[PDB]
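I have placed the structure first, in the form of structure tokens, so that the comments after it can refer back to it.
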Amino acid sequence: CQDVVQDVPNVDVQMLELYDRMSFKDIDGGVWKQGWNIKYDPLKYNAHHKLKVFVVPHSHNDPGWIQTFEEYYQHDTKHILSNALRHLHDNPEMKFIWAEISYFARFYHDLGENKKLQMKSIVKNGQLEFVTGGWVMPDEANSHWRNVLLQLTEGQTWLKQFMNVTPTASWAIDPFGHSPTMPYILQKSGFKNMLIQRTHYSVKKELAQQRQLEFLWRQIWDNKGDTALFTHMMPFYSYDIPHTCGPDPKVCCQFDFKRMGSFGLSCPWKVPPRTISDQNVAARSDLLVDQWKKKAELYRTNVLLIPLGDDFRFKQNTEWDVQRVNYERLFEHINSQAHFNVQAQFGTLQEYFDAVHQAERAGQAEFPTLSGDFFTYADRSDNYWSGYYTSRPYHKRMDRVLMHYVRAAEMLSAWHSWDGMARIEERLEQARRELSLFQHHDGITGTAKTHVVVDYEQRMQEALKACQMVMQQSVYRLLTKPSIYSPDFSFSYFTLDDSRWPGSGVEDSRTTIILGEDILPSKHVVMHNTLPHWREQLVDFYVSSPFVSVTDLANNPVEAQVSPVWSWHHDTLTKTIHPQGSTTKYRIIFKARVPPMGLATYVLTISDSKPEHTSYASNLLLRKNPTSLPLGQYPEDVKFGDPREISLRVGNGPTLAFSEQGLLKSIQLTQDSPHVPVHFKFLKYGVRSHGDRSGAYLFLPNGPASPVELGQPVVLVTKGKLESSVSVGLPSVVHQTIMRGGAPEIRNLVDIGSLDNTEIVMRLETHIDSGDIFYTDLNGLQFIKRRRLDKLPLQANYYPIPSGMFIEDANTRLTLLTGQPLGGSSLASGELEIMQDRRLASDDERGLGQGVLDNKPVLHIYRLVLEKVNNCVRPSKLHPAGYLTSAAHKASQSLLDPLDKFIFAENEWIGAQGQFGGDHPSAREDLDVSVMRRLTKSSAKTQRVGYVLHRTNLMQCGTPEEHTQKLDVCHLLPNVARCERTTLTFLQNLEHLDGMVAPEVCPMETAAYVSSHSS
Ligand SMILES: CN1C(=O)[C@H](O)[C@H](O)[C@H]1CN[C@@H](CO)c1ccccc1
Ligand SMILES: *[C@@H]1O[C@H](CO)[C@@H](O)[C@H](O)[C@H]1NC(C)=O
Ligand SMILES: [Zn+2]
């Protein structure tokens, strides 16, 4: 195993180092506005060294943006694909690349057999080539790596089955900035090349000057370079035709033959395209070849990529003709005029890469090595695209919830083979596809129109319901005596209970367990643990009486706590935000202990009075002018008092102090230790009143944030033996700090209401001497060092926070883990901040054509981990990575993959069993079974089950935590007959494994295995 901590990789370009050195000056470079006037030696090219030019027709098809997926499919994409089929069939030298398999699958399944066969033939023959082959072309900022893999696998599995192809070149022309998580997954999915486009205009200029636009992109910790993937960065402002032929868009636009008038298009540079004729072809070729030769100067080989396309291009028959015929006339002239020393043709992306590497092998170029990322993107001036790290935060959080329900549903149902009548494969396919669709760079990014956002939400809601149906059928099967098991596949044996989604105060949707002497004495509940290690975790249920006690299925008493059910209401009468307590339902909380990848059953039982093993929380309402708060049968009266500082400690964990406004002020780790200043504060950013306006994409604040005026907010303190909390009703935010004996959990119920042109930020203020350094994660996969740069505007120092961020000095670290991707930064030493929501009246001129005024209440969740790190083995000051501790990693897992909770629906569960998976290996804490997926239907003689295994890297801080069992996924199911290592998409076998044993993976590695079973 490579050491990912102690060896700083030696690379030609390291992006944090490059950032430190660059000036980022935005000067007018001429026709290439963000570059310089390119010059070339006309004599570079000659009879023995020609420029080989590949013109690659393409059509960027967004799976939802201004229209829904289906509206675009009906109005544009079905015609593009239909006419591609006809035009490529009829013109054998014409070529076309296709990226978005969600659309291609929608189209293909509507084709007659005659046309399916024509389509297979133009793919087989190389005229139509798929690039990447994902369901979509995903966002790279907000997306979790698990879901990037999911959507890649969904599209590539479809391509292998129906088109018999697996792309090895990736095409990512539109995500707003780019992440090294992409080459990481792609290189472990068989890819050999990838292309990116949207990177900061200063980076394009800098890399172009050094001919470093093509590079071997390796991970920031990778000393050897085995993760490296060849990458092509496009050099110019856009992937459209004006910005892809060469440096001067006034010239390139004359070669977009759709822009002549009848198509309702024109050239902003005021010179139209002209049809190519025998009389003008020489002149036109001399303009175009000059553009090509200038572009060629920015790259190292004599092979040149010229994309030819734009959004939803190549629709009309007349458009296919006008592009193809004019380019054929140019190629014929250019290729026949020796003085140009060019050979130009239509080509595919793979053709371009193959020729580049032929040039490399011929010794004509060596490519530089690069590590780091390409955030935060700016396309011009100070227009940094950090706004979309937060836009539509409700769906950003929904993404993480569905991420987990997909994994759990696929896992739970993988243990058995299911009859076709069970509709298990059917429901899982719908769930995977709706989640995969939302990875699109207008989905999770929150940059689609209101009605399109609604479509994605409805689609995800259907996916959640599909997951629940699969999960609960699976649980009933796994925990019922087999000779009693009698499934109705439409029936709800269990309902899922989820405490954090949509969340209290977002949707009243949790069911109460209704118990009573005259109705039902007891109720079975079941917890599922998707992680491959034993887990204890507090779980809570709503119940109809405070007098409930908990047992396991051996009837052992389990300690429980009952609290009230509290909801916060904006009282239009008193103009206050204050809590109301239920008089009919209560919360019961207890510790569930669940096997690795397993299930555990508990029983809740009512009695007429306080049970022995159930305690009751006290509740203290702090506000001047209190009124009574009756709580039904709840046995402890609520106490009242004026606002005041408070301190709490659960178990033997940290002691937290709060301000009289209910916000954290300090954490004391142990009985002896200092009360370390850790202050939560809410602030607001506004919008500029002159110049460019913030919108869905751009963050353009009118200065540093200003404190939210809090007034005298109402504070609720609930204190229990198992769980305590402080909750406060702030303007736009009900802010809750929850304590269960370790790192606190923070929940924010965020309702920005009608505050237009406002972004609400949550900031932490500490005395950690972090300087200008902070750490943020990429796609939930790795933590990258950031350096705050005062030479850049505030918005440029915002980065994606897809799952976590931290600051540290020599002794102390604070980590904030998230349950949803949001934007954030560290704008001064000792600070962390993370945006909660943003409501923007204006459009930001990127094509969306609206502000963001469709906000809705969202429950954001966090864990907050303050730790001593002076004893940890940390990377050197020059290493570009950072690593979590054990506690912070577990805290992240608690947010993203909690225990699932199931309530038995019927009155009696005959044949119920107490546990499943007690004999599953409890793997080392840095290892996860990220994916468990049965890959065969029940008719297959040889069953196959796929696993994706991910090992993270946790700091060594002198806490052994030792003795664990080896996890061999190939023996999780009986009668194993074969075990293979595969690509992460399961589509290619890489290694046949001795003794049918899957080896565990190295830190920061991810592997896939498929076990085969003869049963
Ligand atoms: C920023 N964008 C998005 O959010 C979409 O994904 C779209 O493809 C892309 C914009 N494409 C450009 C054209 O190349 C465009 C710009 C304005 C209006 C229409 C399209
Ligand atoms: C699938 O593709 C491979 C590529 O080499 C080929 O050998 C095989 O015959 C193809 N299967 C078909 C044509 O169905
Ligand atoms: Zn796009």
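Along the chain as shown, the residues are counted starting at 1.
Determination method: X-ray crystallography, 1.7 Å.
Cβ from N, Cα, C; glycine included.
For the Zn(2+) site that Swiss-Prot gives as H60, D62, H441, the extra residue drawn from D174, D321, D571 is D174.
Across the structure, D62 (Zn(2+) binding site) and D174 (active site, nucleophile) place their CA atoms 10 angstrom apart. Counting only same-chain residues at least 6 apart in sequence, those with a Cβ under 8 Å from the Cβ of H441 (Zn(2+) binding site) are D62, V136, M137, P138, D139, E140, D174, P175, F176, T447.
Its Cβ taken as reference, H60 (Zn(2+) binding site) is surrounded by 18 other Cβ atoms within 10 Å in the chains shown.
One way to see the shell of the Zn(2+) site is to take the Cβ centroid of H60, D62, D174, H441; the remaining same-chain residues with a Cβ within 8 Å of it are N61, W65, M137, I173, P175, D311, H440, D442.
Looking at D62, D174, the recorded positions in this record, the fewest other C-beta atoms within 10 angstroms of the C-beta turn up around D174.
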